[PDB]
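Contents: one structure, followed by commentary.
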Ligand SMILES: [Zn+2]
């Protein structure tokens, strides 16, 4: 009976195995655009993905994860609110059963159809496992998805999903360029928070882009064909794998833009 997104093991149950679920800097949160304060001190966000090297894509029973070779100084996030350099290790999505829900962060209570998370670790801590034990261990770039025009750069991801339908399936996924998943503008909101999946560690600087990307209905429909279950188990569609907004508590959301 491990954690998931169902009635008996979903977000409202997580605190039992992971007490930090009720902690002081949990994610995601609602972004109140009128309360977020422009911070002229923020530096421009630097996203350097030109040398990114993808390895594999995996269905882990909670989402699908595209993993990168992070053994060299390549796909790096820096600047913005960050001190130092963070290296890309993986990205994944959260999405809904319907276009009207799916995102984890919300904007003035608005839910997007999905949300992309590009996860980077602080190189000062040597590797991901050590980084997540530190308050400034991770930087996650969050990008909202809305349904409209197709995102051509997402299609390579969508076409491989048939091969990793069920929990535990993985496939080679080389030469995928995550630059194809970025919106035009890098305007962002930033706040200190957590992983949004167990173990929910409070180790993330969140950087959430204001501009969503558009994906087509057909593209998101293919996300919804994935399965939470493993091969040979009763089919339960992988949908609504999002944690809802958590209390902001003692935190300020800063905006990079006015
Ligand atoms: Zn995530």
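Here are some notes:
- For 235, 12, 67, the sequence from fewest to most other C-beta atoms within 10 Å is 235, 12, 67.
- Residues 176, 64, 257, 18, sorted so that the one with the fewest Cβ neighbours within 10 Å comes first: 257, 18, 176, 64
- Take the Cα of residue 156, step 7 Å toward its Cβ, do the same at residue 51, and the gap between the two points is 1.8 nm.
- Mean-position separation - Cα centroids, segment 37-107 and segment 172-199, in angstrom: 2 Å
- Computed over the alpha carbons of segment 1-49, Rg followed by Dmax gives 17.1, 47 Å.
- Placing a label point 7 Å from the Cα of residue 236 along the Cα-to-Cβ direction, the residues of segment 1-43 with a backbone N closer than 15 Å are 1-14.
- Full extension of the segment from residue 217 to residue 83, taken as 0.36 nm per residue of separation minus the current Cα-Cα distance, would add 44.4 nm.
- For segment 93-238, the relative contact order works out to 24 percent when only alpha carbon pairs closer than 8 Å and six or more residues apart are counted.
- The Cα trace of segment 210-258 gives Rg and Dmax of 17.3, 52 Å, the first to one decimal, the second as a whole number.
- Rounded to 5, the percent of DSSP beta bridges in the chain classed as antiparallel: 80 percent
- Modelled spin labels at residue 1 and residue 60, positioned 7 Å past Cα toward Cβ, are 2.4 nm from each other.
- Of 200, 55, 98, the sequence from fewest to most neighbouring Cβ atoms within 10 angstrom is 98, 55, 200.
- For the chain, the alpha carbon convex hull comes to 122 Å³ per residue, rounded to a whole number.
- Here each label is just a point 7 Å from Cα along the line to Cβ, and for residue 74 and residue 123 those points are 1.4 nm apart.
- The chain - percent relative contact order, Cα under 8 Å, separation 6 or more: 26 percent
- Here the contact order of segment 12-89, divided by its residue count and restricted to Cα pairs under 8 Å and six or more residues apart, works out to 25 percent.
- Its DSSP H runs of at least 4 residues, each contributing -39,500 (n - 2.57), put the calculated 222 nm mean residue ellipticity of the chain at -1500 deg cm²/dmol, to the nearest 500.
- On the beta carbon distance between residue 15 and residue 97, with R0 = 25 Å, the FRET formula returns roughly 0.55.
- Rounded, prolate or oblate (a/c below 1.5 giving rounded, otherwise prolate when a/b exceeds b/c) for segment 124-171 by Cα gyration tensor: oblate
No lab work stands behind these numbers, since they all come straight from the coordinates. So basically every Cβ, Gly included, is an ideal-geometry build from the backbone, and we count neighbours across all protein chains shown.
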